[PDB]
Each structure stands twice: as structure tokens, then as C-alpha cells.
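Colleague: Residue numbers (the authors' numbering), protein chains in the order written: chain A, 1062 to 1102; chain B, 23 to 49; chain C, 1 to 115; chain D, 2 to 150; chain E, 229 to 263, 358 to 531; chain F, 394 to 459; chain G, 1315 to 1415; chain H, 656 to 786; chain I, 507 to 657; chain J, 911 to 1011.
The following block contains the structure, expressed as C-alpha cells.
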Amino acid sequence: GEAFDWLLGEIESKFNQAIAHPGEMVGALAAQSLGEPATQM
Amino acid sequence: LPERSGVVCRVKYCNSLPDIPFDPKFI
Amino acid sequence: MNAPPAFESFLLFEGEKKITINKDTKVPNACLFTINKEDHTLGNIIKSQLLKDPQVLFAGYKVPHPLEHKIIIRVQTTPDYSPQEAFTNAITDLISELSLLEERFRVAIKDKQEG
Amino acid sequence: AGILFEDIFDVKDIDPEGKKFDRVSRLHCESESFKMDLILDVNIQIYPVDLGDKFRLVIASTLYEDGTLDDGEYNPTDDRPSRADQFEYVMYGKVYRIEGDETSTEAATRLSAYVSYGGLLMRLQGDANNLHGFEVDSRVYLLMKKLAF
Amino acid sequence: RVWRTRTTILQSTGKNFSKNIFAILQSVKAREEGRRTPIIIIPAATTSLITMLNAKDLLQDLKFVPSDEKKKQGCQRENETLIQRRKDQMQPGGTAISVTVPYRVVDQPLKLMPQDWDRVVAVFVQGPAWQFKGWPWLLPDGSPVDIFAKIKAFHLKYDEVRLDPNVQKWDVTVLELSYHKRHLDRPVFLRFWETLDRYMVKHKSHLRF
Amino acid sequence: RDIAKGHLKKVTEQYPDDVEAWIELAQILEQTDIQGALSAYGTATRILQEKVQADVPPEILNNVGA
Amino acid sequence: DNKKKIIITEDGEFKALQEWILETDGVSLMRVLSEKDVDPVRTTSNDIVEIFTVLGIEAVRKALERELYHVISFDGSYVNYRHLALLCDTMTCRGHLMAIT
Amino acid sequence: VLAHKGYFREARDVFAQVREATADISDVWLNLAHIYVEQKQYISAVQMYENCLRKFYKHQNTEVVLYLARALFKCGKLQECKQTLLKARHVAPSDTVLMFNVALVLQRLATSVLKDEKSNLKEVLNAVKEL
Amino acid sequence: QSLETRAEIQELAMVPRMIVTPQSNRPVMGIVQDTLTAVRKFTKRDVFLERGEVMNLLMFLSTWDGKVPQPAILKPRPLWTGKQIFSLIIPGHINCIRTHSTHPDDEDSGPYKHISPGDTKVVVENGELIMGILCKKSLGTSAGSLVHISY
Amino acid sequence: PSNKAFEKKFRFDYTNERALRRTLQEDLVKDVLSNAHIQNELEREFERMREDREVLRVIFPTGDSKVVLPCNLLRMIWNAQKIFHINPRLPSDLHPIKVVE
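Here it is as C-alpha cells:
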């Protein structure tokens, strides 16, 4: 039980940091994430 | 005080000598 | 254009301490000796001599950056014998070893020529 | 005490699948009294062992005969009496896994205790009454000596 | 030609017992002829992360509580931090049952009685050396090292705060706490009790608990 | 006996066709290495049968049996 | 496997089925899809313009994201699904196939 | 002799050396097992008696089986002790000591079943019959 | 050219903040090229170091706490294993299981599953290397690699 | 999971008195063996996972078990086991209702 409380606490913590940050230029990231592998083809 | 009745078994530390070896004889 | 002059490996600047001692914080009886303007010629002999001391728990050295003229020898000995004296003695007698070698080589040379 | 286990083993096979490394080889030993199975990686260079060699293996929780429980840091300068004095080869490592024939209905009759000596593995597979001091993630010493018979 | 005879059947293949057994018999012959209270530290200065008021949450419930609310709630003080705690511990046959005898953690050190002062085994430090003024083992030059270098110290700080230069030079165990993740508190305090128990059992087991 | 064992080993390694050296080595090995003695008597038997083409002496058969 | 039929067994196993599939040279998705014995649920053109004319803008989004994943995953490399989903959403945000030109 | 004098630590050291030198002396295994019982290392002793029986006797030696039963009894393994004593009694049914030890183990088993209220009716009825 | 810009760069574009990429959620910086060969050779089961050699290698750990680990071999001579020193490098308490390149596919099925004969199947527990040899599989720029867990 | 595998891996049967003493302590097994509320809650949790099974099977046909998600649950659990010295050979005090809620 002592560890189970800690695990639920860690899962939300690690989840909340994974949230997308407002201001993130996801369009530029997508363009680069698709353009970069195209150079290896 | 009455000693709790254990298994009736006398521990014997033995030193039985082996039987005399009458091994097959080499020629 | 940015070549360092070769003298910087051995010539002392204004303010440079030949050796700087700092206590190590993570363990008792351990110091960091920082030689300025020195390299592996002095680092390997002192490291190895420190290891012959039965009272030396740890002895070793690094050159923090090869283009930086600074080396770090680290010594840690039993609590009843400070690292400072460990260093001091290992040089006190290392000097003797080199003098003993000088004397023995000098006689072997005079013994080889016409002998 | 602190002797988690102890027995006489005789080497039945060296690296049966062929020698994977030069300075390390598997020993496939079986014990004589507790009838244990044993897979052990020994530094065969410093401590050479041959097939058919018999050795006393004493997996101990600590090296001090008074059982005063070491702290896992290395310090060679020590006047305290140590088990290493009467042993030839000594390793150190963690127990990283314990495995038995567990079932949902009853506990295991046999246990396999795995030990890693800083990379050299071992597996002591026996029955569930000998391997009791073994508990995952705990330091243990191997303390073995070849028998001059 | 016969190799196994009445004499060789009794002999070992190569080991000689005489030297070892006669030594054992010499030891037996010699016999026949007939020849506690421990201590741990905490900071009393009220800016400290651990305080005299929330201390028993941090150490007993293994729970971090901001002192902000403790004083804001009107919480009342103990004379000192000494616990008679329940913790069920496994016998060498594996059955767990709790037993405790005085432990004292430092909260008002100068009120301490002459019997107790030199008992330190593990130690919660704030940073400034004035925290120990008048403590025994304090070196007459004002150096506290005879405490910290021989004893496993502790220091409670936030994860983010740059470590105190005295504590980093001193022989003290840092405990990192989160500002917002309360769940991560329990393993930290468990690490505290772990280290403290290691110290007590290795070096101060003869002291009474 | 250990010296003799060493010498006969060298003799049999240099001249493996010397039946007597194999028999003498076998007689020494009987005391400490039953498998070695068996291997030595077997080699002598093989040399006698294949190279000397003579029947196996009863003493060798008895010792192998033992 | 993505070209094999996959249908769950009564006991829950996925149990892919290999079925004869015809791979054409040239396309006419609507006619091929209406032919009897042609599976109208899975038959696809691999030509996004056909998808827009035959199944619509959202169908286009799905088909474009799959074909783009196909080319980007041919050599086995991986790109997070976020970048494909974002590109396909912008190319279909306005209800029509907005070329990246 | 050292074991009989009660110097079990020293006697252990002697027998341990003898076992190191040879694996084929049955009495050395029995003596070691006896010391393990006296040092309360019952789990090891039980194993040595069983392996001794399997390795050195082509028949059940009733004295060794009795030593095994004694170790199991001190180990609290009353069910295994009962079965072991019955195995010994099947070989030597006229021996009153084996009969006594069986009666004692039966009494202990019944005492345990009757002492613990968790015991059901089938168990308690068996315990009554055993008593 | 300004604090407001240095701050922005330090808090957004600094190199360690760029270890993991949103492109594929894996690391893009890894132990690569020569040091990967050296670390594979170093983490083999048969790598042993004297006190004289380890006490020199530990000089190069910045985060070392300064206490020499008990050597995996104490007698007949103090010997440290390569994995023993490498455990000092792994930060904190990481927990991952990776497989070395030469791992036989039929090893996880037969016996010797948790005790691999060839020292494959990297196993890192409590921030220590228990088994295995390190290669691109466990130190490279791949999802689930050891550096990925560390990050 | 097959129909039988689903039960053996996610049901948590509360009738087998012997096994619960292996996993849970003595003061937990009478709570799960006598309290009807706990057994109904555990059965509701099982029905919930049985429905999530059909949800996953319609989200990921082709049995594409691999997924990308924020927290690595298996590893966090493992970190937990090593941080608390769990020892997976003793009965644990984690009362099942605390997990469901």
C-alpha cells in the first residue's frame, strides 16, 4: 500500500509533464520531423 | 519442573571401522 | 594565429601556484593536489608511489583538459595519517630512489668502461 | 553466524556449450550433501579449476565471524578476523532474482537463487529449505576453496 | 599384489589432520584446565524545513507538512523529540513484531541533561555552525567536525535549492524534497530511517532500543 | 613409485610400441588411477594382438578384470 | 498482415486469414468497389484524389495519413503520429485537399 | 568423543575436516547431522539424514530413520515425523521405542488440532481417534 | 546579445534539454562511434581491473561519491569487474532491461534464461548493471535505451 | 486476451481461500471473503475491463498491441518495487479495494 500511493502520485506527475505546452510550434516541429527523415531516403 | 517429553532417542556419535577389504588380487 | 607558445607547458605565470591543495569534501582524509604547469611525467610516478603506501586508500590523477596546464592528483589515506604527509613522504623517499639510482648507475658506468 | 548456505560441490562440467570468454568459464557443479545444482562463473585465470575438482562453497552474508554486518565499501586495512583468511577464492555480488516452482495453490518446493558477482553470474538451484537466507537485492559473498582432499 | 589393506582402508587420499586436530584439542584442554541511550540531531531555528512543530509528521507519519499551516493552525509544542513508535520487525525466523526503547532526536539541545549529550549517531543540520555552540565534541576552536565526521549527519532541503556550502563541506546526508509532489516524500523519509538504522545497528547497536 | 610413473610415461610417449613399458606403467597406476591402469593394459593388449599378433597373457586379463 | 484479412475467432484469437487480393495497375475505385464479391469495406485505391472524389474529405484525411505513414515507414524509421496527424489535418482543414504548394 | 563431552563447536570442526577429506564414511554424515540438531539447524540435519539413508543403506536402517524422526520432531514437522516413524515401525514393529514415539507424535498432533479452534469437524474427529 | 535572450536560450535550447526529440520520442544523442566499441569491450564478463587501474578510472567520474566499491573479486587478489565500474556511471536508480546485439533468440525460451551463457540481455537494476554487454541496443539513440531511461 | 486467458489474468477470484493467504495477509482475506460489497466492486471492475477489451478490439484491429503513451507503467511499477524493497515472495498489504478506487 505504501508503494501504491507513491505509484499513483508518480503516474499523475509524469503524466502532467507530458502535457503539450501552450506556445509550442507544433507546425514547425511536424514540418521538420517529416523533412529530416526525407533526407535519408 | 516437568521436562517436556521429547522423542525417546539416544544420540550416538559412532566411529564404526570399515569391513576388512578383500579386494581382487593383482598378479 | 592561436597557437600557444610551447613554453606555456612549463613556465610559471604571475600568480600561478606551483601546487595548490584543496580538501576533498565527499570523504574524510582526502585532498586534491593540483599541479600547475605539469603533465604525466610527474603524474604517473607520484600516483604509483602513493600506491605503495599501505596507509593510502586511494591514489590517482587526471589532466582536467589536455590543453589546460593543470593536473589533479587525488589522495585519500587512513584517518591516522593525513594525505598531505602521504604526498610529502612519497616524494621525500622518491627523491631518495632517484638519487640511489643515480649513484648505482654512475658506478655501473665507471665499471663498464675499461672493466 | 551469517552463513546463508554452505556445501561441498564437485565440478561436473566446465563451459559445456564451449568457452564464451577467455578469463571466465562456467562451472556446472552439483553438491554432495544438500544435492544442489550450481552454475557459477569463475575467473578461470586467477583461480584455475579443472573438471572433477571438489570445492567448499560458503555463500556468506558477511566476512566477519562475529556477524557484525559490513557496509559494502572497500577498505583493505583491517585487523578484524575475516573468513577470507581460510578461503582461496572470494567474490562479492548481489542476489538479483529468486525463482521456484511456485503455484497458485502452494509454495515452491525448489528455489533457484541467482547471484551476480559484479557481472559474473551464478545460480544456486536447490530445495526451498536451504535457500532461506537468500532475499532478492542483498549482498552476499561466495567464499570458495578447492579441497586438497 | 593387494593395494587396499587394513591400514590403507582407513587413510585419507591426501589431507593431514594431525596439525589441525591437535590444535583443537589444545583449545579444549585449555578450557578443561580452566585457563546505552543513543541520539540524533534536528534544527531549532524556525526557518528550517523541519521544525519542532511538524517534526512528528515528517518522522512518524513519513509525511511532509508545510510548517506554514502548522503555526497557522495554532499547533502546540513538545519538550523534545523522543519517539516510542510502533514498527513490526521480523524475527530471524521471519515473524514481525514491534519493540521500542528511547531514541532522542535533537530539538532543544542546551536544555539537555549531562547523561545524553555525547550520544549522537546521526544528525539533522541546518547549516550555520552556531547551531551547535556549547555542544560537547565541539572542538574548542569552534569546529563541529568531531560530530559530523564520526557520525552520519542528515540535512533536509528542497530538491531545487543549491546546497549549503557548510553542509556540502560537512559530512552530512542531503535529503531532497519536492515543492509540489507530496507523494515523493515517503521514500525520502524511508531512506532516512534506513540510513539511521544502518548506523544504529553497525555502530550504536549496543545502545538501547 | 611416482618417479617410476614419470619415467615410464616418457618411455611410452617416445616408444609407444614397447609392450613392457605399458605393462609396468599399468602396474604402477593400479594403486591410484584405475582408469589409467585400464588404458595402459588396454594399449598393451592392443599392441600384443595387432603388432605382436600373440595371444593375451592371463595375468593381463586378470588385472584388467580386477 | 495489413493486406491479409484479420477476423477474431470465437475464443478471441485474432487469427489473420490469407485471402486472394488483387493488386491492380491503374485505378477506378468506385467501379471496383461496387463489383460483386469485392470486399467494399477494405478495398482501397492508395490514390488520395480518388479518395476525395469517392469517400470525402475525412476519408481523405485518414487515407492521406496512412499513405504518408506508408512512405515514411517503408525504410522502417519512425515518426511520431502527431506530425502526420497535424500535417493531414492542415491539408484537410478547409474541406478540400490543400496541396503543400 | 568431543561431541559426547558437549564441545559441539570443536566437534563440528573435526567432523567438517573429516567430511572434507572423504565423502564415503556414513558415520561422518550421521555425526554432522547430530551436531546440526544440537545447534538447532534442523533444516540442514533433516537433509543430511535423508541423503545418508539414500547413499549408504540399501535397506532402511531403523536407527538412522529414528534420528531423522527426532530431527523432524524438533523441527515441528509432526506430520512428516509421524510418517517417518511409521516407516521405521514397518521395518521393526516389535521395537517399543518406535511405538512410544508414534504414540507421542499422535498425542502431539491431536493436542495441536484440539488446541486450535480453526480445526474443522473432520480434523477434530481424526484427532480424537488419534488421541 | 542580451540577458533576455541568453535566458531564453539557456532555458529552451540548451543541449541537455534537447536529448530527447519530439520527432520520434527517442534520444538523438547517444554513446556513439568509438566509445561504443570501447564500452562494449569494457562491459564484457571477462574484464578485470587492479586497484591501480580502477583508482585511476574513478578519477574521471564527476558524480562519483568518492567511495571505492567493494571489488567483485576479493581473493586471491582484489579485482574489479568492468560492469562494477560502469555501475558507478549509471545515474541514480535506473531500472531497464535491454538485449545485447548477439543475444540468441532461443535463449529466453530454454534454461539459462535469467543467467545468460553469452552475457547478453543487459539488465540494469537499482542503478547498477547486473548483466549484459552494452552496445547501440542499450546506449544508442533508440527508444527504451539506457540513456532514454536516464533522461 | 482469449476468453479463458482474460479470466485467469484479470478476474481476481475471491472464492479460493487458500490462494488469497498466499498473496494477501490474514486480516485482508476475511474482508474479501465475507464482505459482499468488496466482491461486487471487484466484479464491477472486471466487467469494466471486459468492456474496455471490446473497446480496444475496435480501436486496434489486427491485434496491434503496441502503443505510444505518456507514462511507462511497467517501469514505474518496477521502480516502485525496488524503492520499497517489496520482495515479491511475501503477502502484500495492498487491500484490493484501495486499487480499484
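Beta carbons: idealized from backbone N, C-alpha and C, even for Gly.
My guess is that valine 56 (chain C) and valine 75 (chain C) are in contact by the Cβ rule of under 8 Å, so how many angstroms apart are they, rounded?
Modeller: Numbered from 1 along the third sequence, position 56 holds the residue referred to as residue 56 (chain C). Numbered from 1 along the third sequence, position 75 holds the residue referred to as residue 75 (chain C). Right, the Cβ-Cβ distance comes to about 7 Å (below 8 Å), so this counts as a contact.
Colleague: Mind checking which residues open and close the beta strand (DSSP E) that includes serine 26 (chain D)?
Modeller: In the fourth sequence, counting from the first residue as 1, residue 26 (chain D) sits at position 25. Looking at the DSSP string, the run of the beta strand (DSSP E) that includes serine 26 (chain D) is 25–32.
Colleague: I want to verify the contact list: residues of chain L whose CB lies under 9 Å from the CB of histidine 599 (chain I), in sequence order.
Modeller: Absent from the structure: chain L. Protein chains present are A, B, C, D, E, F, G, H, I and J.
Colleague: Compare the C-alpha of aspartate 71 (chain D) against each of D:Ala149, D:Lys147, D:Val141 and name the closest.
Modeller: Along the fourth sequence, read from residue 1 onward, the residue named residue 71 (chain D) stands at position 70. Closest option to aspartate 71 (chain D), Cα to Cα, is D:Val141.
Colleague: Are there three or more Cβ pairs, one per stretch, closer than 8 Å when the stretch 479–488 of chain E is compared with the stretch 385–404 of chain E?
Modeller: No: fewer than three Cβ pairs fall under 8 Å.
Colleague: Anyone know if the C-beta pair for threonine 1406 (chain G) and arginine 1380 (chain G) falls short of 8 Å?
Modeller: For this step, residue 1406 (chain G) is matched to residue 92 along the seventh sequence. For this step, residue 1380 (chain G) is matched to residue 66 along the seventh sequence. The answer is no: Cβ separation not under 8 Å.
Colleague: Between the stretch 529–545 of chain I and the stretch 911–924 of chain J, do three or more beta carbon pairs fall short of 8 Å?
Modeller: No: the two stretches stay apart, fewer than three of their Cβ pairs being nearer than 8 Å.
Colleague: Could you list which residues in chain J have their beta carbon closer than 8 Å to that of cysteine 641 (chain I), in chain order?
Modeller: Taking the ninth sequence and counting its residues from 1, one reaches residue 641 (chain I) at position 135. In chain order: nothing, as chain J lies at least about 21 Å away.
Colleague: Would you decide whether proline 450 (chain E) is buried or exposed? Buried here means 16 or more other CB atoms lie within 10 Å of its CB.
Modeller: Within the fifth sequence, residue 450 (chain E) is the residue found at index 128, counting from 1. Under this definition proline 450 (chain E) is an exposed residue.
Colleague: When you compare only the Cα positions, how much space is there between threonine 608 (chain I) and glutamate 516 (chain E)?
Modeller: Taking the first residue of the ninth sequence as position 1, residue 608 (chain I) is located at position 102. Taking the first residue of the fifth sequence as position 1, residue 516 (chain E) is located at position 194. Rounded to the nearest angstrom, the two C-alpha atoms are 40 Å apart.
Colleague: Mind checking if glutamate 665 (chain H) is an interface residue toward chain D, Cβ cutoff 8 Å exclusive?
Modeller: Locating residue 665 (chain H) in the eighth sequence gives position 10, counting from the first residue. So no, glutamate 665 (chain H) is outside the interface.
Colleague: Could you compute how far the alpha carbon of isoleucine 47 (chain D) sits from the alpha carbon of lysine 95 (chain D)?
Modeller: Mapped onto the fourth sequence, residue 47 (chain D) falls at position 46. Mapped onto the fourth sequence, residue 95 (chain D) falls at position 94. Their Cα atoms are separated by approximately 22 Å.
Colleague: Would DSSP call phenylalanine 476 (chain E) helix, strand or coil?
Modeller: As a position in the fifth sequence, residue 476 (chain E) is number 154, starting the count at 1. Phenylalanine 476 (chain E) falls in the strand class under three-state DSSP.
Colleague: With a cut-off of 8 Å, does the C-beta of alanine 915 (chain J) fall near any C-beta of chain D?
Modeller: For the purposes of this step, residue 915 (chain J) is taken as the residue at position 5 of the tenth sequence. No, its Cβ sits nowhere closer than 8 Å to a Cβ of chain D.
Colleague: For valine 27 (chain C), which of helix, strand or coil comes out of DSSP?
Modeller: Your numbering for residue 27 (chain C) matches position 27 in the third sequence. Three-state DSSP puts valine 27 (chain C) in coil, outside helix and strand.
Colleague: Output yes or no for whether 8 Å exceeds the beta carbon distance between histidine 714 (chain H) and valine 33 (chain B).
Modeller: Indexing the eighth sequence from 1 puts residue 714 (chain H) at position 59. Indexing the second sequence from 1 puts residue 33 (chain B) at position 11. No, they are not a contact pair.
Colleague: Strictly below 7 Å CB to CB, what residues from chain G border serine 530 (chain I)?
Modeller: Against the ninth sequence, residue 530 (chain I) aligns to sequence position 24. Chain G residues near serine 530 (chain I): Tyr1392, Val1393, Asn1394.
Colleague: How about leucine 555 (chain I) and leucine 585 (chain I): are their beta carbons less than 8 Å apart?
Modeller: Along the ninth sequence, read from residue 1 onward, the residue named residue 555 (chain I) stands at position 49. Along the ninth sequence, read from residue 1 onward, the residue named residue 585 (chain I) stands at position 79. Taking 8 Å as the Cβ cut-off, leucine 555 (chain I) and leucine 585 (chain I) qualify as a contacting pair.
Colleague: Decide if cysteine 36 (chain B) is buried, meaning its Cβ has at least 16 other Cβ atoms within 10 Å, or exposed.
Modeller: If you number the second sequence from 1, residue 36 (chain B) lands on position 14. When all chains shown are included, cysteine 36 (chain B) counts as exposed.
Colleague: Check for me: the beta strand (DSSP E) holding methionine 145 (chain D) runs from which residue to which?
Modeller: Stepping through the fourth sequence from its first residue, residue 145 (chain D) is reached at position 144. First-last of the beta strand (DSSP E) with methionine 145 (chain D): 145–147.
Colleague: Give the DSSP bridge partners of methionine 92 (chain D), in chain order.
Modeller: Here residue 92 (chain D) refers to the residue found at position 91 of the fourth sequence. DSSP output for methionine 92 (chain D) lists I:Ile579 as bridge partner(s).
Colleague: Give a yes or no on whether the C-beta atoms belonging to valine 447 (chain E) and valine 489 (chain E) are separated by under 8 Å.
Modeller: As a first step, residue 447 (chain E) must be located in the fifth sequence, where it is residue number 125. As a first step, residue 489 (chain E) must be located in the fifth sequence, where it is residue number 167. Cβ distance < 8 Å, so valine 447 (chain E) and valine 489 (chain E) count as in contact.
Colleague: Just to confirm before moving on: does the CB-CB distance between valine 560 (chain I) and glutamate 74 (chain D) stay below 8 Å?
Modeller: Indexing the ninth sequence from 1 puts residue 560 (chain I) at position 54. Indexing the fourth sequence from 1 puts residue 74 (chain D) at position 73. Not closer than 8 Å, so no.
Colleague: On the three-pair Cβ rule with 8 Å, is the stretch 615–630 of chain I touching the stretch 19–34 of chain D?
Modeller: Short answer: they touch.
Colleague: Mind pulling the chain H residues with CB within less than 7 Å of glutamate 33 (chain D)?
Modeller: As a working mapping, residue 33 (chain D) is identified with position 32 in the fourth sequence. Those within 7 Å of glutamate 33 (chain D) in chain H are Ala678.
Colleague: Return the first residue and the last residue of the beta strand (DSSP E) that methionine 637 (chain I) is part of.
Modeller: For the purposes of this step, residue 637 (chain I) is taken as the residue at position 131 of the ninth sequence. Run containing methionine 637 (chain I): 634–637, per the beta strand (DSSP E) assignment.
Colleague: The alpha helix (DSSP H) that contains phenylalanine 22 (chain D), what's its start and end?
Modeller: As a working note, residue 22 (chain D) is residue 21 in the fourth sequence. Taken as a continuous stretch (DSSP letters only), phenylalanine 22 (chain D) belongs to no alpha helix (DSSP H), as it is neither H nor E.
Colleague: List, in chain order, every chain B residue whose beta-carbon is nearer than 9 Å to that of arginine 408 (chain E).
Modeller: Here residue 408 (chain E) corresponds to residue number 86 of the fifth sequence, with the count starting at 1. Here the premise fails: no neighbours, minimum Cβ distance about 33 Å.
Colleague: Give me the Cβ distance between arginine 84 (chain D) and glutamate 103 (chain D), rounded to the nearest whole Å; I'm assuming they're in contact under 8 Å.
Modeller: Residue mapping note: residue 84 (chain D) aligns to position 83 of the fourth sequence, counting from 1. Residue mapping note: residue 103 (chain D) aligns to position 102 of the fourth sequence, counting from 1. With a Cβ gap of about 33 Å, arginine 84 (chain D) and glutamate 103 (chain D) do not count as contacting.
Colleague: Strictly under 8 Å for the Cβ-Cβ distance: is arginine 958 (chain J) near chain G by that measure?
Modeller: As a first step, residue 958 (chain J) is located in the tenth sequence; it is residue number 48 there, counting from the start. It does not: the Cβ of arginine 958 (chain J) has no partner Cβ on chain G nearer than 8 Å.
Colleague: Sorted by chain position, which residues of the same chain lie with C-beta nearer than 6 Å to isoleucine 1365 (chain G)'s C-beta, five sequence neighbours on each side aside?
Modeller: Translated into positions along the seventh sequence, residue 1365 (chain G) becomes position 51. Result list for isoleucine 1365 (chain G): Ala1373, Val1374, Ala1377, in chain order.
Colleague: Checking 8 Å against the spacing of the C-beta atoms, do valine 412 (chain F) and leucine 441 (chain F) come in under that value?
Modeller: Mapped onto the sixth sequence, residue 412 (chain F) falls at position 19. Mapped onto the sixth sequence, residue 441 (chain F) falls at position 48. Closer than 8 Å, so yes.
Colleague: For the stretch 588–605 of chain I against the stretch 635–654 of chain I, do three or more pairs of beta-carbon atoms, one drawn from each stretch, fall closer than 8 Å, so that the two count as touching?
Modeller: Contact holds: three or more Cβ-Cβ distances are below 8 Å.
Colleague: Got a sec? Which residues, its chain only, sit under 8 Å from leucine 460 (chain E) by beta carbon, not counting five neighbours each side?
Modeller: Within the fifth sequence, residue 460 (chain E) is the residue found at index 138, counting from 1. For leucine 460 (chain E), where only same-chain residues beyond five positions count, the Cβ hits under 8 Å are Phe454, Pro466, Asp468, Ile469.
Colleague: By the 10 Å Cβ neighbour count, where 16 or more other Cβ atoms means buried, how is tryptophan 452 (chain E) classified, buried or exposed?
Modeller: Against the fifth sequence, residue 452 (chain E) aligns to sequence position 130. Looking at its Cβ environment, which holds fewer than 16 other Cβ atoms inside 10 Å, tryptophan 452 (chain E) is exposed.
Colleague: Using the three-state DSSP reduction, which class does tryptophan 586 (chain I) fall into: helix, strand or coil?
Modeller: Residue mapping note: residue 586 (chain I) aligns to position 80 of the ninth sequence, counting from 1. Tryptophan 586 (chain I) falls in the strand class under three-state DSSP.
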